[PDB]
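Structure first, then comments.
All of the numbers you see were taken from the coordinates with simple rules; none came from a lab. As a convention, Cβ positions derive from the backbone with ideal geometry for all residues, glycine included, and neighbour counts pool all protein chains shown.
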Amino acid sequence: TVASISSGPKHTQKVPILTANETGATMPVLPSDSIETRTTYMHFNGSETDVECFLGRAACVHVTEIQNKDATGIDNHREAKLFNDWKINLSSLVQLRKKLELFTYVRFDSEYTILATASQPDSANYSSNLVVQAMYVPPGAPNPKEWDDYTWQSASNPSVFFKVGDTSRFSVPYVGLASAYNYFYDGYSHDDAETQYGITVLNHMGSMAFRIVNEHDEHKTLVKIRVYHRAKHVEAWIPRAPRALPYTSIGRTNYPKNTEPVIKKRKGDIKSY
Amino acid sequence: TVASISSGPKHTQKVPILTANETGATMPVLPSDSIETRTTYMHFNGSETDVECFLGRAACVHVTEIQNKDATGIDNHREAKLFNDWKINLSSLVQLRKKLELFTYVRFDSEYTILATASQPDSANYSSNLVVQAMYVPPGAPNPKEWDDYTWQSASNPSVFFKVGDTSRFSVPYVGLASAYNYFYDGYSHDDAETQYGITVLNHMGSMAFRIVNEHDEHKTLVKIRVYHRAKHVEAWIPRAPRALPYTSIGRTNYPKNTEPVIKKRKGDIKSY
Amino acid sequence: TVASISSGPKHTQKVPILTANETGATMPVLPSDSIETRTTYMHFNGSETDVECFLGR
Amino acid sequence: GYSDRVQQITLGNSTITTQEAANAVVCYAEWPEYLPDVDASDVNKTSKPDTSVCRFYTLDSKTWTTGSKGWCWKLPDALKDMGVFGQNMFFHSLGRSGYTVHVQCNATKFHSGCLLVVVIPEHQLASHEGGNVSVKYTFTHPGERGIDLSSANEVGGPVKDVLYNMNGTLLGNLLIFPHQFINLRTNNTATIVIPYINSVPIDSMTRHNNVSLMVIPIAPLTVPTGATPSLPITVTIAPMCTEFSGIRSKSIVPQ
Amino acid sequence: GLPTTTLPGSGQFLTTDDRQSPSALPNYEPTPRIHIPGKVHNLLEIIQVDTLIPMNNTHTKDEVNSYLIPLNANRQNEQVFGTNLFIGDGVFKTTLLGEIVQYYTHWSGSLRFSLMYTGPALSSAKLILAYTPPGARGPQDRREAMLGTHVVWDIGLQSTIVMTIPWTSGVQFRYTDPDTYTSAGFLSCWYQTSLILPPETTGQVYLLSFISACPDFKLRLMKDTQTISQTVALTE
Amino acid sequence: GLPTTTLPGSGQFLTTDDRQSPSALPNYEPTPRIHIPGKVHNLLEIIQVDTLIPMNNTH
Amino acid sequence: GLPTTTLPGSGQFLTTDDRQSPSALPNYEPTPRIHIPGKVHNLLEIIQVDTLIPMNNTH
Amino acid sequence: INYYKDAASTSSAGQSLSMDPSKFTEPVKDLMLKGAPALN
Amino acid sequence: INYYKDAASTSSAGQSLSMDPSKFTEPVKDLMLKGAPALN
Amino acid sequence: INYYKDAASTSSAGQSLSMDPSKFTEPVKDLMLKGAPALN
């Protein structure tokens, strides 16, 4: 492939460099339209800018935490972090979010990796070996109420059991209700006067509940869960302007008030170098 | 292959042993040009002197250390070794360095092995099990500021998570900007009167940041990281004189003052055996 | 596979929507027996409702 | 003698002529078309009023003055009240449509000024409150009036800051969306053909707008000496290939 | 039982590796795809669309005005604007090009810089745009500027001028984050003759300026952008 | 000895995965199947039989 | 699931072994090679060039 | 590839792709045609 | 070799090697030729 | 068998078995024959 062809002096009536940008086109002008060039080859394919590659590496999408401790006398397991749920999202930690929102609709399978590490902040004789249970709870399933409810039987709901310190990995097909996922949606769920705007139910990728299967030892053990997400089989439509201001909320476009100028001011003139 | 052919008495006008070294050549003289020889075969190929073999074994290129401890009240994580970076180099530990600098330009893929072991120098009930995170931070990426920054999300930057005591291994393609790497460069980055000499930006192999993912236990744990590097697919041009004096700095040729004579003095005469 | 065929106005002596449930049958009535439909395809096989799948986790 | 410059668009019972055009943009290089069966889901036969809905409606005019910040209309909202297009809209459960948008602004060879005319698929607005305040319905359904970016923040309304496109992105990058400029010195109209863009084959026309049309002054209007300091901008829009499905009782929407 | 040996790296999680995994939802059937205009396949497809450069960066809070380069009637010989070419920083940084370049470590290729004139139709002007390849200082006067890559632009019916910064380089890749060795030059613009307004007209006229990449362009070695960060996880 | 590398997920138990296992009862012979009317293959087969709706829910 | 047995040496790191590894930079394209005079392939090539011997070591 | 000798040890079965609701939805002795009168 | 039955479980896809910027860079209705005048 | 997609991930290269010291041992412009006089 040639990156530049050889081109010499020109004295024409045919001027490729004068255009009318009002038309909305970006005319494909090249170095050889306005200087004299020599042949050179590309030596490159643009492999690593493919959208599959761009969205295809694992990104941290969520960090939560649960603890193993005596539940005796706990009136609210959920509240003691005896167990914890997470409604899956890709817009809570901003790194991956800005990447996805370069597109309007996106379609992909997900590969999740879940790393779990334990901490024992206060005096323990040892490090126990805990098994985590991660249950995938689709909308309409009973939700866990205690850390050892009938729910955890999970007879119809996919669940994975792995050890703290290890990693769990599985992949979920594209679960969207429509043909793609809208990280933007300029609509409502119905024509209600007060219903929420923008956040919709066609960007729901399910939800996940974590708990330790082990009963309690004498000390307490903090287990912190990190969920990583990798898109595989990516398809993206309609590019948009990149995010400039900071994010404030999952699912709305809102930016913070009295934010700071995002364009760097010159130290000098327009004329400055 | 014959290592020596059979050759007998000679009384010629054709003298292969008289030459003129002023010409710059090393004339290919053999035993059979000046004594009577018998046939013998080589029985050998020179396999283990191939440059791929010479530069192809893992060498320790870096030892760093980070600790897991309560960051509560630490004003400078980087400074507490709560996390640590390393700008990749092959010229800080001298063993591999002398080997590479036998050549002027070198091109190869790298295979990294990272061994991490833990130490608990002061009273602990136990040994905790820590997961290390090694992030590859190319120039221009946000650099970690705390041990748990948004940076560690590493949504676009390759990172590996492995356990202390284990080893991590991955391989990076030749990331040089030019066609080869110059471990020598008799130039500057620009014609500045005070810019640095010799150290250039086309020997940059990236940079790497390490941290423990675990929160803190009651005791403190020292984790010491050793990075090993193995060249694979090696290509080397222009041999040079081997390094004689000791090294003083990454990237400059400078030797120490009042160094010692590097040639061993005879215990005796020129005539001595 | 078609999920619905195209069907237009009807003025018949042949009424598929009147039945006698006392018989014990569930007559296979479709949208196209009582409204005007357009063609659409199924795009689906019913894979995940197989009893092997239902009892297989 | 055809110029890129003169054009005629006849759609239904209405025709537009421009003698000073700058080509026309067809979003994503695709022209509006009806919904194919292979893509269909709802089993209902759809209704295609054709020429009674696919004609040109001219919205009420705006006034560009030196202080203007820009205006924003949403589709199909802007047309919610135009003739039979609008009736069909409130009466069917689902509908689908593409449009021809023609923005008009003429001046003289002594004026200067340049407007950006852009179509943004799925333009989800931001609340000026920050945090996770929502933007109430009424605020994102201004109707033919559209939203006036130089009007004041209101409560439950969107933010109207132009350097941020009403969503946290910079004005400068709106050029990645199908768009055309109106530069008084060149141009006097902008025309964009919009194919139907959605993640579902057909949708509700009232709970979801699928494009915002935005006209933004970028090089300020500068009139000749002692000229009146303003020009009107007119927007005429025509639904094209419209289909409605799931007819019934007639939606009732807030406010 | 087949004998195996495990190698160094066993059990590691590398966020960039690509392997198979069990599906959690065995036998599930995804929604059919329908057609949607606009599919993107390569980021290289989109960085060829031009977007506006806030060249007039001299303000103090972001404003529509930093997109406008002003022009003065009747000035002769003088300089319209200047900038270095660190596409990952400074004016370029918020543009779509700048914004994507920042996801990669290295770039190589030609850039296309165009200027669209917005002055009254009855005015006229001749400007010179100059590209100065690495190695010299930003030009200080047109004489200096005109000795490097340049285009005399004659303002006419055809409203825009497209200047190309042809790839001039020893090393075949440059860093996107500004680096010296790897630096790309300067871009300046001067009056060639001068802007002239018709009667009954007055004041400043402005140029809009765009940037996009030529088909020439290469970007490699993905990394994280300095353009976005956060201090606590967001919630709904 | 063939060189291997284990990936993330090793040792996990996913209730939905489908793999082979050793039989605890090697060589055992199950009872022959006889014919039984009524075999169900898909839940889609049965949701087409109609059943009564307690529409008058007001009690 | 295929039955395996691991041998002695599993998990060891031998600095001299030569195996495959995942690339951290999937799909990256290295700079083209250009021609450079002087390529060395074997150390045996270079030890045939003669160099001076500090024979007079007595200093 | 089965690694094991017994049939019980193989993975899950594969979709019936049988599907015939008529034993449940139309177990009538004399065949009913849709469109013809239910009771003649 | 896929070891798993479902398509979601396969590795990353392979390069589009599609690439056609014209839907984004030249969505004009009447074709513009480089070198010919923009507005006739 | 390569298990990985990228070339960097393959094992060590295999012996040049190239070997030609003459660029280093005899870079003279006019060819010298062993046995013939060095300087004529």
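Details
- Scanning the stretch H:6-18 for residues that are more than 7 Å from chain C (Cβ to nearest Cβ), surrounded by 11 or more Cβ atoms within 10 Å (Cβ to Cβ) and in a loop (DSSP other than H, G, I, E, B) yields H:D6, H:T10, H:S11, H:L17, H:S18.
- Restricting attention to the stretch A:26-73, the residues that are within 13 Å of chain B (Cβ to nearest Cβ) and among the acidic types (D, E) add up to 2.
- Unmet criterion (only one of (1) more than 12 Å from chain D (Cβ to nearest Cβ); (2) buried (at least 16 other Cβ atoms within 10 Å of the Cβ); (3) not polar (S, T, N, Q)) for A:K267: (2)
- Just one of (1) facing chain B (nearest Cβ under 8 Å); (2) in contact with a strand residue (DSSP E or B) (Cβ under 9 Å, 6 or more places away or on another chain); (3) surrounded by 12 or more Cβ atoms within 10 Å (Cβ to Cβ) fails for G:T58. It is (2).
- Any hit, the stretch I:22-36, residues being under 24 Å from E:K39 (Cβ atoms), touching a helix residue (DSSP H, G or I) at 6+ places or on another chain (Cβ under 7 Å) and charged (D, E, K, R): yes
- Wholly within the stretch D:158-238, strands (runs of 3 or more DSSP E) carrying at least 2 residues that are more than 11 Å from chain A (Cβ to nearest Cβ) and of a type in the set (A, V, I, L, M): D:189-194, D:211-222
- Residues in the stretch E:185-207 that are under 22 Å from E:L111 (Cβ atoms) and surrounded by 23 or more Cβ atoms within 10 Å (Cβ to Cβ): E:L187, E:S188, E:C189, E:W190, E:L207.
- Leading residue by the ranking (farthest from A:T221 (Cα to Cα)) among those in the stretch B:202-223 that are in a loop (DSSP other than H, G, I, E, B) and among the charged types (D, E, K, R): B:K220
- Taking (1) crowded, with 20+ Cβ neighbours inside 10 Å; (2) of a type in the set (G, A, S); (3) touching a helix residue (DSSP H, G or I) at 6+ places or on another chain (Cβ under 7 Å) in turn, D:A190 satisfies each apart from (3).
- Strands (runs of 3 or more DSSP E) contained entirely in the stretch D:40-130, each with at least 3 residues that are among the hydrophobic types (A, V, I, L, M, F, W, C): D:71-75, D:92-104, D:112-121
- Residue among D:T46, D:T100, D:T51, D:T18 that alone is among the β-branched types (V, I, T), crowded, with 20+ Cβ neighbours inside 10 Å, out of contact with any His (no Cβ under 6 Å at 6 or more places or on another chain) and more than 24 Å from D:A190 (Cβ to Cβ): D:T46
- Residues of the stretch H:21-40 classified as assigned to a loop (DSSP other than H, G, I, E, B) and either in contact with an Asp or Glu (Cβ under 7 Å, 6 or more places away or on another chain) or at the interface with chain C (Cβ under 7 Å from one of its Cβ atoms) (or both), total: 8
- Condition met for A:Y105 (at the interface with another protein chain (Cβ under 7 Å from one of its Cβ atoms) and in contact (Cβ under 8 Å) with a residue 12 or more places away in the chain): yes
- Those residues of the stretch G:16-32 which are within 25 Å of B:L55 (Cβ to Cβ), surrounded by 13 or more Cβ atoms within 10 Å (Cβ to Cβ) and not aliphatic (A, V, I, L, M), in sequence order: G:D17, G:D18, G:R19, G:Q20, G:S21, G:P22, G:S23, G:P26, G:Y28, G:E29, G:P30, G:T31
- Residues in the stretch B:154-168 include at least one that is within 8 Å of chain E (Cβ to nearest Cβ), touching a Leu at 6+ places or on another chain (Cβ under 6 Å), within 30 Å of G:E29 (Cβ to Cβ) and among the hydroxyl-bearing types (S, T, Y).
- Hey, A:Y174 within 19 Å of the chain's Cα centre (by Cα), crowded, with 20+ Cβ neighbours inside 10 Å and either under 30 Å from D:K74 (Cβ atoms) or within 14 Å of chain D (Cβ to nearest Cβ) (or both) or not: yes
Matching residues to (1) away from chain B (no Cβ under 14 Å); (2) assigned to a loop (DSSP other than H, G, I, E, B):
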position	(1), (2)
E:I161	yes, no
E:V171	no, yes
E:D177	no, yes
E:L208	yes, no
E:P215	yes, yes
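- When G:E45 is tested against (1) out of contact with any helix residue (DSSP H, G or I) (no Cβ under 6 Å at 6 or more places or on another chain); (2) farther than 30 Å from E:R174 by Cβ; (3) at the interface with chain B (Cβ under 7 Å from one of its Cβ atoms); (4) crowded, with 16+ Cβ neighbours inside 10 Å, only condition (3) is not met.
- Taking the conditions (1) within 22 Å of E:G109 (Cα to Cα); (2) facing another protein chain (nearest Cβ under 10 Å); (3) of a type in the set (A, V, I, L, M) in turn, E:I155 satisfies each one other than (1).
- Leading residue by the ranking (farthest from the other protein chains (Cβ to nearest Cβ)) among those in the stretch E:222-236 that are touching a residue at least 12 places away in the same chain (Cβ under 8 Å) and surrounded by fewer than 22 Cβ atoms within 10 Å (Cβ to Cβ): E:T227
- Subset tally (residues that are aliphatic (A, V, I, L, M) and in contact with a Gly (Cβ under 8 Å, 6 or more places away or on another chain)) for the stretch A:191-204: 2
- Lone unmet requirement of (1) of a type in the set (A, V, I, L, M, F, W, C); (2) under 25 Å from E:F13 (Cα atoms); (3) within 12 Å of chain D (Cβ to nearest Cβ) for A:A244: (2)
- For E:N57, the test of being touching a residue at least 60 places away in the same chain (Cβ under 8 Å), out of contact with any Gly (no Cβ under 6 Å at 6 or more places or on another chain) and either over 30 Å from A:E111 (Cα atoms) or within 14 Å of chain B (Cβ to nearest Cβ) (or both) is failed.
- Out of A:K81, A:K87, A:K69, one residue alone is charged (D, E, K, R), over 24 Å from A:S171 (Cβ atoms) and either in contact with a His (Cβ under 6 Å, 6 or more places away or on another chain) or in contact (Cβ under 8 Å) with a residue 40 or more places away in the chain (or both). It is A:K69.
- Residues considered: B:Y185, B:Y181, B:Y136, B:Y112. Of these, the only one that is within 22 Å of the chain's Cα centre (by Cα), touching a residue at least 12 places away in the same chain (Cβ under 8 Å) and facing another protein chain (nearest Cβ under 7 Å) is B:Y136.
- Scanning the stretch D:110-141 for residues that are away from chain A (no Cβ under 11 Å) and in contact with a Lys or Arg (Cβ under 7 Å, 6 or more places away or on another chain) turns up just one, D:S112.
- Residue that is farthest from E:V101 (Cα to Cα) [pool: residues in the stretch B:166-183 that are part of a loop (DSSP other than H, G, I, E, B) and touching a strand residue (DSSP E or B) at 6+ places or on another chain (Cβ under 6 Å)]: B:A180
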